[PDB]
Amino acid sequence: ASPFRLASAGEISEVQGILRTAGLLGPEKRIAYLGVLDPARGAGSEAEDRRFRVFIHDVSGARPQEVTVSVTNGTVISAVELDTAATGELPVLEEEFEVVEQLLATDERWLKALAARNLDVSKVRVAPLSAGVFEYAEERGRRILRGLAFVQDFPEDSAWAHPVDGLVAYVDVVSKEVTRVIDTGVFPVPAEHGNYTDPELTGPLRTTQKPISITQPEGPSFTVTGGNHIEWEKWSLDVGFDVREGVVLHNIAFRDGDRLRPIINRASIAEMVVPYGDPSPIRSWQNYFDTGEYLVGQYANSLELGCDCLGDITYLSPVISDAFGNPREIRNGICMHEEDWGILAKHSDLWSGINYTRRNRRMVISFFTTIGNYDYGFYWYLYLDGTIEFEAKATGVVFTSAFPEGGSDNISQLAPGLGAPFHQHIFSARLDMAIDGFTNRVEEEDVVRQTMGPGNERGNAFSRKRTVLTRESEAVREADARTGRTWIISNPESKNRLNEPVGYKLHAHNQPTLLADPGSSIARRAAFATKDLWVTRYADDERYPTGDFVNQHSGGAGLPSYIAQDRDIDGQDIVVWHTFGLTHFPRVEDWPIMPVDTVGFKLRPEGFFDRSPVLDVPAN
């Protein structure tokens, strides 16, 4: 009965039928995106209305449509024809992944380039890469993918070990035309294989690892009701799934004695982008938005017990809509479990003689997605003490190139002749805050050093300052690790027992933001990535930091356009947008398959409770 329940197969089937009856789902149509809409502010009417948003592609060249449907009432609410030269192209379709390779296989310029390199076309894989917006006037309003080539020596070979450098092609996937084939020169195709399951490369497997057994003999401490509502150690929330964003957390709240206290209304990773820093024309256009362009949720893995998730695991299997409106289940796509997390609090007192130890634990909600060469794990953690944490785990295979003779300032060498271009992985967390309710504000907190002198005669004093962000135009902030900068989200109308406003503090990792030149195409299209923190006033239609249609959008959509409204955010319904990322100079140890590296952020209570919230944890 909950409005935040996962989409069911039956709901997806009704959308397909509603679209079909209305004449919007003909044979030349493809669903590029389908997702359930959140209830609007003021859901306290109990009037259930489940609405779905649909992006409909047309493979015959007609204009795509954005459609909103009520599955409860069986009606089309709105249907808009899109001018893609204006507002952007629709997300990449999984069925287009193979079309780039197949179109190039019959193009005379592509075949001439492969023949010069003595490459058999049947062995050449072509990655289907998003195009961006650059200098090619003929691409405006056309659906373009770019292709880079890799050789598979045999069907189980890792093609990433064998990039074909000096060659790139552009393809119009609707008209099935190869618009350009650029060949800048012959590079040797690196010869060593990268087959990390080949015993020749792994050597004899270790026999030294003994098993670690994690069991819960009485079952887990959390309960799941209504398919996706979790209660665990005073926490309460709903676990959503969206084909674009992946796992979304709703209605994060904490039961403080008698009262259920809201903390976060909606938490998601609303965009992620991988910009490449190699100035070669073969790759200098390369920036892929795995969320906005490819939709990370549709490529979620089925997670296997004992391997991907270890312990007493509860699974969710979300349902999404294929290019034709049929439901399919991502079996075991979300893992949920609790984990021991070491010591929570400990003290042995010299005067009372009391010895006290308590253990911590965390609730884990996670999924793993695979987009081409890269694989990412998304992890949300809830801790006993009120801390909320997000962690992204990056693994997979690094994107490769040739390593030029005489070296490179923008590419690392991984193996003889094999390079890996420098790049970043930058995420945007969208946190629709609800600290004790919707009247919230953000303060920026800096450490303050003090000069030795009157009132500070020994030169030991230091302090802090807090600056309230009152309008959107002043809420675009940068990190400052040297001054210990954090941001506090507080509720000025809800005080703790010391008559201080309740709050939560956001702790960033203070990694570098977008490194590209501010005048570049990617700085315009990924403007969110140039600053660490943005605060906007809540609005139903301000969902993504990059706008609704990221693919081949010319720039400036999303956050720079939102904040130009300069709305009041001092004690209002607000959304915090946090940029965080990894800057990756690949190392030899990243090849041929990369050990996990991590990045994330956390929020800790800051006077939210009237004392430690874990005094009632028992002694194990």
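So that the term is clear: the rigid core is the largest set of C-alpha atoms that superpose within 1.5 Å between two forms. Start at 1 with the first residue shown and count on from there.
- Between 589-597 and 554-562, greater CA displacement relative to the shown form is found for 554-562 when the structures in 7 other deposited structures of this protein are fitted on the core.
- When the other structures are laid on the shown form by the rigid core, the stretch among 92-100 and 419-427 with the greater C-alpha deviation in 7 other deposited structures of this protein turns out to be 92-100.
- Of the two stretches examined, 103-111 and 309-317, the record assigns the greater average C-alpha temperature factor to 103-111.
- The PDB entry reports B-factors from which the mean C-alpha value can be compared for 486-494 and 113-121; the larger average falls on 113-121.
- Residue set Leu603, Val599, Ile12, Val596: peak C-alpha B-factor at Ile12 (per PDB entry).
- As recorded in the PDB entry, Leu201 shows the highest C-alpha B-factor of the residues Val126, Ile426, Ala159, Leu201.
- When the CA B factors of the chain's modelled residues are split into thirds, the value for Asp38 lands in the middle one.
- In the PDB entry, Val476 places in the lowest third of its chain by CA B-factor.
- Among the modelled residues of its chain, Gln286 has a C-alpha B-factor that falls in the middle third, as given in the PDB entry.
- Ranked within its chain, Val151 lands in the middle third, by CA B factor from the PDB record.
- Among the modelled residues of its chain, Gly226 has a C-alpha B-factor that falls in the highest third, as given in the PDB entry.
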